[PDB]
Amino acid sequence: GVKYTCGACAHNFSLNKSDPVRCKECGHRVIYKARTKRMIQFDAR
Amino acid sequence: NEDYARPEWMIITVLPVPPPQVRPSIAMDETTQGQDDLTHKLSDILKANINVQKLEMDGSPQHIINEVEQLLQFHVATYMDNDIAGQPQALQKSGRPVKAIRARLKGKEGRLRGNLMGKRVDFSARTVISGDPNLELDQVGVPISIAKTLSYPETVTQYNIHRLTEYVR
Amino acid sequence: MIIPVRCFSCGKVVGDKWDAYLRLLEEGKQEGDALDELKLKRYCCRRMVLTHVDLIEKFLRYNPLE
Amino acid sequence: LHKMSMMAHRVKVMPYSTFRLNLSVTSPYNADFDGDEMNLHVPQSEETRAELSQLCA
Amino acid sequence: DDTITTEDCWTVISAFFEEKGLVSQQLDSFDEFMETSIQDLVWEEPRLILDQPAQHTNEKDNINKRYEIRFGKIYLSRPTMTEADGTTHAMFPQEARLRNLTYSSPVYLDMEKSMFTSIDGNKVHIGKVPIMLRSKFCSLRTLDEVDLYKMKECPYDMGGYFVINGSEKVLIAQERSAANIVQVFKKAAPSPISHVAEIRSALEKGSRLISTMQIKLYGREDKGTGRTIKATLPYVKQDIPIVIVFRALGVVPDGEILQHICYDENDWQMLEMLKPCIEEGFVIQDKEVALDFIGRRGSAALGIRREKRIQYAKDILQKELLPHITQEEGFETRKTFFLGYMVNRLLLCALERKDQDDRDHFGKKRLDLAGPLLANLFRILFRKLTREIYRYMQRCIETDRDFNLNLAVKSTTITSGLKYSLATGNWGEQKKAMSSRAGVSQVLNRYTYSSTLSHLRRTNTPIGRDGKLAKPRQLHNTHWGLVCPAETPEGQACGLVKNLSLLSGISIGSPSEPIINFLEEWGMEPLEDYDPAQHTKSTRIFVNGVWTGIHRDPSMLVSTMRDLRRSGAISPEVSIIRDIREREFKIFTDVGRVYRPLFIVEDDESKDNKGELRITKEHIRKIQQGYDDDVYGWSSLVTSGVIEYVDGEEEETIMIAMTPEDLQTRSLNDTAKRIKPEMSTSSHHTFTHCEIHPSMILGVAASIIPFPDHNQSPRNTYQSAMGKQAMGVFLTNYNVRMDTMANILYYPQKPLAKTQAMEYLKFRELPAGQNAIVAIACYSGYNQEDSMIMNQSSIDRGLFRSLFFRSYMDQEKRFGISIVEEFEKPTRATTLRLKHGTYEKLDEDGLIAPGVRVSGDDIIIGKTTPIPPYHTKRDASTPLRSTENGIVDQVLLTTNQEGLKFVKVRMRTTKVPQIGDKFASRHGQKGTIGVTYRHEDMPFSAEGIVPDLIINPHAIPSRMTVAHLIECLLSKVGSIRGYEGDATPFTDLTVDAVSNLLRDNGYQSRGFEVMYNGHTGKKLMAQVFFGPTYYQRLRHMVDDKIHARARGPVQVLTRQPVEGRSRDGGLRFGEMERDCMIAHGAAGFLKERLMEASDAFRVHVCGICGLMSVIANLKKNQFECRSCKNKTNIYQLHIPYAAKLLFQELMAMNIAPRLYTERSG
Amino acid sequence: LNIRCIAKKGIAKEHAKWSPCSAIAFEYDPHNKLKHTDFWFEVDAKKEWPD
Amino acid sequence: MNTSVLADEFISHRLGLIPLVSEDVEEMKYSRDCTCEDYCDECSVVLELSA
RNA sequence: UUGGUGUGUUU
Ligand SMILES: [Mg+2]
Ligand SMILES: [Zn+2]
Ligand SMILES: [Zn+2]
Ligand SMILES: [Zn+2]
Ligand SMILES: [Zn+2]
């Protein structure tokens, strides 16, 4: 469900806790999560 | 002295076993227990013990006796001391020496200088300091969090109920 | 990195005067004289632009992260 | 290093988390302010409180 | 031409530091390793031989089945990550660092297995040698900075260091004693042995220790009547007389030993000390009886008869003594004439025709970098490979199988060895853990950029710490331009740790054989035509430790060879070095000599260049074109004859002036400038060398400092050992890198007191601090002793506000073939021992989504293992630290080396520089932020300028750091005239020019402006000195060292509270605290401390046998001293649990402490 | 880059991002006729401190 | 939404340094005594930006 | 909530 951002081709792909974790375009195996649905806050000082 | 130090007691027939608080098992990675080296050494002693009692119950070529007995003496020697001159040390399963009882007592970080004469304790605190001349001579500044962490037991008496109830509040 | 907004010492807003400062530098000015033209007369708003060294170009040298 | 190197004091509570001193006590502890650490043991009884307050003050 | 000015030397430095960059010393010698060393370590001992020859219960089948493997060529490539999938692809250092990898290449090797039939198994991956960054044999030497941003490598990175199990490790240049030099030390007095002539042998190829022949003069000062000497040999057990080992090496009569040794039949004093040595060695008269004699002490075996006893003695005198000279025979003249030089020398020093030699005369040492270290450890595990193949061969020849060799290399051997031995650096086979030079390789530090720039250069010294001796810790005066007279840490390291200077280069290791050809190329005469009575005045010539011949005139030869290094017939880093005093002349080619460059002064009265510098301005214009007028870099300078290299041995034989205005003898009494000496001793000098620049004597963390030449030198050392703790910009790719420490300083300014040297550490393009406003004036007692004042509004504007990064880690373990781990969100039911934080911030997949505010004490990585055979899972979460806050950045998720999952998380927050945070001058005037004032409450000068940092007047006058004032003044001027003033030291920049310019731009001459109270404006009676200055931020804060503790974690072993900050331990109320408690005497406080806030523990004693054997059941409330049948004489005590531990330990050693509770007498 | 800010009303006491103004000169008695200030001086007080 | 080369509180800091017009400001009240729980259009100037 | 080694830094 999570947009696991690809490390190479920027593809937003979710994985079902079962997929071997790579780029679908070049085999690049590095993903990262993307930012939340929440809104971040800061006090700007 | 007879009732205290009778010099047939300086030869050990029966070498005691301490309880396992003195060699308690350590969680290697939270499922397996690496043992303390006293447990490894008392196991080695009991193995050489049984390999002693194996020889006098069968055919014994007379220096097989001598070597297993001298090995028993060796294991009892390294139980109390792994620093004996002239001979190589008793060695572990990493390439390290064994923690004896003598190594638990001598040295800067033994039990006395490292744990009894001086030790670590609690209700301490520690920081970095700063000057502040707007003060008396017998006053020291306290950061608030350190005041929160440490405490002091004041007795509930008949002259301090109200404030202490407030300090609950 | 990239230009701050105010001065550190006084508090005159300077951040706008970065691009103008580079454009004045392009013609062959000298840096003190360029600060002279921008009306920077206390040295507070002279060290807040004179010292400043630029890294965020190097961060945009990373051909796209995503 | 000498018998003043532990001395009793009184408590003043301040924000901004560092230890405050007088600067006349800088000489006996031999502390400067390039980052020294000074400890703070606490009594846990009445008895030791009076011990400190009458001798090690 | 004209005057070579200062900036012409900065042209020279731009050419040098555009050729090499910085870290030549790693890269070029590691290239030497990968190009030649493994090829020759393999082809050292290329063949093994088995044989199972005859009487195999045979039919007399006498068959030399000789099993012969010959090792061949190595195969080299890029690193390769074979997946758990099995696919192989090009690994890259980003993909390395993200994935805990080992940037390691295939090292292949073919095997020539042959069989003797004299009757009477392909490219195996043999190991993974890890590849350094930025090497020739890394894939990032080449390839296009554009694509390097496409490949995540910063151009202002430089590499030099290795990658192991992910993280970055480095090689300290370890510092060994020099080999094969003929030393003399004198021995301490409570002993019968006074003078010593010592050596340490090591083979020419290979650079490996074999022998250590020692000489001990028997005789204290008028003690030890027979003043004769014995030798000590390798593989003996006892000292052996000198003339006997001479007759053992094959020179028997007295006349030829005195002909070999003695050079003066008139030196009757030394000849007089000679005579008893022969008169003592009379009883062993010819060769083989001395061979038999040394057979009796030195491991020739008992009952092994004369011919094989003497065989063995001929082996310790064939191999195993003087091995580095040669290991073939026939040159007993070479061996004995070496030893005759030794006897010559030790008798020179025992009559004190000389000083003793000294330990630290820095030409008499060498250095070991990655090249020689990989040579040694590769040699070791390569021998281990040898015997592994040998072991498998003697099993698959008994059963006689055609072995394919590919199941005969379990290549976890050398990969596992090198991986551990750079992992912790406990240098050796792990089963040689102790007795090993510990701490070779180190965590590389990435706290700021210059810190790494020094730390990649650092050398360390193995005296150990046994011996408090201040002779090896002296700044001994060979150090001119080779190490750093400023930088060395505070404390235990001091005097040892030597940072290679900003003109250091590491000499590689070179074929000595053509140098030999250069020697015999001019009629050097051989050693066998040598008679010192025929030639007493010939010059005896060394090549790295072998005397090879004699010659009459060294001067024409050193002209020719020195000009051939000025041309390039030699390696231009080989130190051809002349002496004239000894009638000797050495050529080192050795590995690890610390050399340095100098401007070649035309030292020769042949033309008008004499006295002048040979460097012309035409060369300067050539360097400013980038090419020669039909590539021209620093290499062509080296091979032009303008700059020659010297190491510490040629530093003996030179003559330097410091700056090129001192070469011509100059033209007064001005009270601004500095006073060079006259040098009027030699009316007609022959200067041979002049310094390029004096601020090139510094280390890397030393050239940063503005004007080091106006301070008290402990503050120079302090500033150099604080410059490494700056907060700044460490490498420009902190977006993609995941490291456990990283900190970005926000607003980094190049200092207005820049140097000219900070161009070459890039610090003006990556700085690590700011210019804030200095105002040295006691204001309200808050800067009394080194604290300071900081204006809070300036922080609110962003002053030094600090980014904070941290990378965590976790991975999956495998507890069975069908039993693995799983990072999931654990329940409150199925899982054991939930952490006492919450779990809410976790996601469906166990790793928290970014953007989410995080506190301490709550999870990020919940590693749940089901317990191998409800309530069957283990909660083994990896939490965020108990001190931190933050908002999360870039949550990596991938697959490990193992094939399972892998995680790394890079949390971040930002720390406000607040009260207590340490700061630092650039002259050590350090301290903490004492107090914060808002904006109006500052003092403020006539225009409105307020300050931000107020160091103390009383911080100055004893610390004597007048350079700090000079920096503040030069800062204010270069701010107002608007440019960065050259504060590189040792110029004619006085104070007078700065004074006149500040006045003539409309100000006071000596800095002051009339500043005010902020609370009245009633003018401050004295005028206040006031300006900008460059500041930095040291790595400590107060939020990392505050700690207090009520109770909590106690150890199982001793029940005394635990040690360390990380587990919230307790403090050590140590010995001398108890001492001062005794001095005050209030011991009731001491009974609080060592009973009640610690391991308070309660035991029992039977009152008859006095022991603690009494078994304690309490809810049944019964007791039994079972050695006594005592059931009534029972007391309890209150003792420390460690005291009880003492008692149980002692009774387990059979001593009986018995505690009777009454005085007896 | 999609950002949403609020703007609220603070003074310089909370923080100096609410600084109204920049830099304030201030002087009185430029010829020291009260001798409230005292010059430090090498040689002579009148020459070296510019007007 | 942010995806920049700059971190977040960084940009909030730099936005805090930005000069606004406040000529009319005394008929705008202080934040900590304005009659709303968290922000409304009585006491805010909501900037939403997405370049 | 591990041990045990080892390295660097603070006074
Ligand atoms: Mg100090
Ligand atoms: Zn992709
Ligand atoms: Zn300004
Ligand atoms: Zn009893
Ligand atoms: Zn409202």
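Protein chains in written order, with the deposited numbering: chain D, 28 to 72; chain P, 226 to 394; chain R, 1 to 66; chain S, 451 to 507; chain B, 9 to 128, 153 to 662, 675 to 711, 719 to 920, 931 to 1222; chain U, 153 to 203; chain Y, 52 to 102. Positions of the beta carbon are idealized from the N, C-alpha and C atoms, including for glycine.
Specify the secondary structure class of residue i as computed by DSSP and reduced to three states.
i: residue 939 of chain B; result: strand
i: residue 112 of chain B; result: strand
i: residue 36 of chain R; result: helix
i: residue 860 of chain B; result: coil
i: residue 842 of chain B; result: strand
i: residue 272 of chain P; result: helix
At the level of alpha carbons, what is the spacing between residue i and residue j?
i: residue 928 of chain B; j: residue 349 of chain P; result: Within chain B, the sequence of modelled residues goes 920 then 931, so residue 928 of chain B has no position in this structure.
i: residue 520 of chain B; j: residue 66 of chain R; result: 45 Å
i: residue 174 of chain U; j: residue 161 of chain U; result: 19 Å
i: residue 1186 of chain B; j: residue 1165 of chain B; result: 10 Å
i: residue 344 of chain P; j: residue 1198 of chain B; result: 12 Å
i: residue 811 of chain B; j: residue 490 of chain B; result: 18 Å
i: residue 166 of chain B; j: residue 722 of chain B; result: 52 Å
i: residue 987 of chain B; j: residue 1093 of chain B; result: 10 Å
i: residue 246 of chain P; j: residue 1117 of chain B; result: 14 Å
Is residue i near ligand 4, with its Cβ less than 7 Å from a heavy atom?
i: residue 1165 of chain B; result: yes
Let me check you understand the geometry: is the CB of residue i closer than 7 Å to at least one non-hydrogen atom of ligand 5?
i: residue 78 of chain Y; result: no
i: residue 86 of chain Y; result: yes
Using DSSP's beta-bridge definition, name the partner residues of residue i.
i: residue 1129 of chain B; result: P/345
i: residue 250 of chain B; result: B/225
i: residue 201 of chain U; result: Its beta-bridge partners do not exist; DSSP assigns none.
i: residue 88 of chain B; result: B/98
i: residue 579 of chain B; result: B/574
Tell me whether residue i, by its Cβ, gets closer than 7 Å to a heavy atom of ligand 2.
i: residue 38 of chain D; result: yes
i: residue 97 of chain B; result: no
i: residue 103 of chain B; result: no
Assign residue i to buried or exposed, taking buried as 16 or more other Cβ atoms, counted over all protein chains shown, within 10 Å of its Cβ.
i: residue 311 of chain B; result: exposed
i: residue 104 of chain B; result: buried
i: residue 507 of chain S; result: exposed
i: residue 362 of chain B; result: exposed
i: residue 267 of chain P; result: buried
Does at least one heavy atom of ligand 3 sit under 7 Å from the Cβ of residue i?
i: residue 892 of chain B; result: no
i: residue 42 of chain R; result: yes
i: residue 48 of chain R; result: yes
i: residue 771 of chain B; result: no
i: residue 845 of chain B; result: no
Would the C-beta of residue i count as close to ligand 1, meaning under 7 Å from any of its heavy atoms?
i: residue 59 of chain Y; result: no
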